[PDB]
Amino acid sequence: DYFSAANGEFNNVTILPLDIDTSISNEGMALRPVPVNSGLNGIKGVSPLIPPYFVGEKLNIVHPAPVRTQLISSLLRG
RNA sequence: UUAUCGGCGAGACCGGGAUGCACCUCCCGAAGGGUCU
């Protein structure tokens with residue numbers, strides 16, 4: 001709840017171009033909720049694929065670890 | 001944004017004492033002079 005609780009306020013939004021599309025897949029590891037049949041491994045769950053994630057039938061999905069950490073230097077490498 | 005919603009709050013004196021002072025001469029030398037009812 002960013003709206004109600006003001007959790008996870010952010011600023012200084014910086015966008016940088018990437019070289020490889022790392023939105024859905026990452027060497028076969030899903031980086032976001034994807035259907036089970038997509039062949040991507042990770043953690044099983046139930047959720048709608050498309051937002052908003054509180055409406056729509058909750059179908060089986062594979063999603064990454066809820067808390068993923070990466071070094072900022074590695075993230076800025078691109 | 002995996003839901004929907006939620007002020008953390010209320011009260012307090014921090015203050016009470018102290019001399020910083022005690023000793024030193026800054027002086028030593030020179031002509032500013034000469035030209036035009």
# chains A, B, ... in the order shown; residues from 1 in each chain; ligands from 1
>>> select_by_dssp(residues="chain A", states="helix (DSSP H, G or I)", output="MDAnalysis selection string")
chainID A and resid 2:5 36:38 72:77
>>> residues_around(residues="residue 53 of chain A", least_positions_apart="3", cutoff="9 Å", atoms="only C-alpha atoms (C1' of nucleotides)", output="MDAnalysis selection string")
(chainID A and resid 47:50 56 58) or (chainID B and resid 1:3)
>>> write_last_selection(atoms="C-alpha atoms (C1' of nucleotides)", output="PDB file, in the first residue's frame")
ATOM      1  CA  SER A  47      -1.912 -14.792  -9.029  1.00  0.00           C
ATOM      2  CA  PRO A  48      -3.350 -13.061 -12.103  1.00  0.00           C
ATOM      3  CA  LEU A  49      -0.756 -12.733 -14.840  1.00  0.00           C
ATOM      4  CA  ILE A  50      -1.814  -9.230 -15.917  1.00  0.00           C
ATOM      5  CA  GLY A  56      -9.154 -11.782 -12.391  1.00  0.00           C
ATOM      6  CA  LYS A  58      -5.919 -16.481  -9.868  1.00  0.00           C
TER       7      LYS A  58
ATOM      8  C1'   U B   1       1.678  -3.114  -7.198  1.00  0.00           C
ATOM      9  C1'   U B   2      -1.535  -9.924  -4.961  1.00  0.00           C
ATOM     10  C1'   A B   3      -5.745  -5.071  -2.297  1.00  0.00           C
TER      11        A B   3
END
>>> interface_residues(of="chain A", to="chain B", cutoff="9 Å", atoms="only C-alpha atoms (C1' of nucleotides)", output="PyMOL selection string")
chain A and resi 1-2+4+46-48+51-55
>>> write_last_selection(atoms="N, CA and C atoms", output="compact mmCIF listing (two decimals), in the first residue's frame")
# COMPACT_ATOMS: atom_id res chain seq x y z
N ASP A 1 0.86 -1.19 0.00
CA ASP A 1 0.00 0.00 0.00
C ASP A 1 0.89 1.23 0.00
N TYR A 2 1.27 1.71 -1.18
CA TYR A 2 1.87 3.03 -1.24
C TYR A 2 0.81 4.10 -1.07
N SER A 4 -2.15 4.02 0.75
CA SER A 4 -2.59 4.19 2.13
C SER A 4 -1.41 4.38 3.09
N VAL A 46 -0.01 -18.56 -7.00
CA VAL A 46 -1.29 -18.27 -7.63
C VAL A 46 -1.46 -16.76 -7.67
N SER A 47 -1.74 -16.23 -8.85
CA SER A 47 -1.91 -14.79 -9.03
C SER A 47 -2.38 -14.54 -10.46
N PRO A 48 -3.07 -13.43 -10.71
CA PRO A 48 -3.35 -13.06 -12.10
C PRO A 48 -2.07 -12.66 -12.81
N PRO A 51 -1.82 -7.17 -14.53
CA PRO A 51 -2.37 -6.34 -13.45
C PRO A 51 -3.76 -5.85 -13.80
N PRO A 52 -4.54 -5.39 -12.81
CA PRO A 52 -4.22 -5.33 -11.38
C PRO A 52 -4.25 -6.71 -10.76
N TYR A 53 -3.35 -6.97 -9.83
CA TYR A 53 -3.15 -8.31 -9.30
C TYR A 53 -4.16 -8.70 -8.23
N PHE A 54 -5.23 -7.91 -8.05
CA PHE A 54 -6.29 -8.25 -7.11
C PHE A 54 -7.62 -8.51 -7.81
N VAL A 55 -7.63 -8.63 -9.14
CA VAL A 55 -8.82 -8.99 -9.89
C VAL A 55 -8.43 -10.03 -10.92
>>> atom_distance(atom1="atom CA of residue 74 of chain A", atom2="atom CA of residue 16 of chain A")
13.0 Å
>>> residues_around(residues="residue 43 of chain A", least_positions_apart="4", cutoff="8 Å", atoms="only C-alpha atoms (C1' of nucleotides)", output="count of residues only")
4
>>> select_by_dssp(residues="chain A", states="strand (DSSP E)", output="list in words")
residues 34, 35, 43, 44, 45, 46, 47, 59, 60, 61, 62 and 63 of chain A
>>> write_last_selection(atoms="C-alpha atoms", output="PDB file, in the first residue's frame")
ATOM      1  CA  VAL A  34       4.745 -15.993 -15.658  1.00  0.00           C
ATOM      2  CA  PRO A  35       2.455 -18.927 -16.445  1.00  0.00           C
ATOM      3  CA  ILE A  43       8.613 -20.405  -7.173  1.00  0.00           C
ATOM      4  CA  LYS A  44       5.085 -21.674  -7.723  1.00  0.00           C
ATOM      5  CA  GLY A  45       2.243 -19.349  -6.834  1.00  0.00           C
ATOM      6  CA  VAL A  46      -1.295 -18.273  -7.628  1.00  0.00           C
ATOM      7  CA  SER A  47      -1.912 -14.792  -9.029  1.00  0.00           C
ATOM      8  CA  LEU A  59      -4.289 -19.079 -12.122  1.00  0.00           C
ATOM      9  CA  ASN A  60      -1.103 -21.016 -11.445  1.00  0.00           C
ATOM     10  CA  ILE A  61       2.079 -19.024 -12.120  1.00  0.00           C
ATOM     11  CA  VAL A  62       5.838 -19.147 -11.591  1.00  0.00           C
ATOM     12  CA  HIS A  63       7.340 -16.060  -9.944  1.00  0.00           C
TER      13      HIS A  63
END
>>> atom_distance(atom1="atom CA of residue 36 of chain A", atom2="atom CA of residue 20 of chain A")
22.9 Å
